[PDB]
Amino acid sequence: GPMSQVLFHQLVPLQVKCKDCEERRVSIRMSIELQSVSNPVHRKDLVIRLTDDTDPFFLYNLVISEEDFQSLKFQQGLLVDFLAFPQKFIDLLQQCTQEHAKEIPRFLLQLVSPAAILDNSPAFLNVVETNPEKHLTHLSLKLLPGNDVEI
């Protein structure tokens, strides 16, 4: 079976945005794990998971294999390789967390759905930086509803 190493696990403030409504959820438990298998073949995956301590139905995840990361790096225009990606993402999440109490946060973590409702469609986890001139999106990840593993 795959063994997991937790690289990040904490409550994060999340702005959930649907077509006609936006809600701030403060009890979102976000984790980043490195999962590995050694036999018969050595393989590493990065798993990103969002759960909600106060809502058992809210679940999103993304599994990124070390071989699938080169596509994501290109799609997102990233400068980091697979092994450097967790620390880049964690540093952004720490900046989001440090701005949790601000009325106008400099860094925001948001989950955006193009639908009017949260459903079985993917939603986009964005890290946005705010400033007087314009908003910058540092990262967008397409998360799937549900958990990475059954139940």
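Numbering starts at 1 and runs along the sequence shown.
Taking only CA atoms, the mean B-factor in the PDB entry is higher for 101-109 than for the other of 58-66 and 101-109. Averaged over Cα atoms, the B-factor as recorded in the entry is higher for 133-141 than for the other of 18-26 and 133-141. The residue among 31, 38, 87, 126 whose C-alpha atom has the highest B-factor in the PDB entry is 38. Ranked against the other modelled residues of its chain, the C-alpha B-factor of residue 7 as given in the entry falls in the lowest third. When the modelled residues of the chain are ordered by their C-alpha B factor, residue 94 lands in the middle third. The entry lists a Cα temperature factor for residue 44 that places it in the middle third of the chain's modelled residues.
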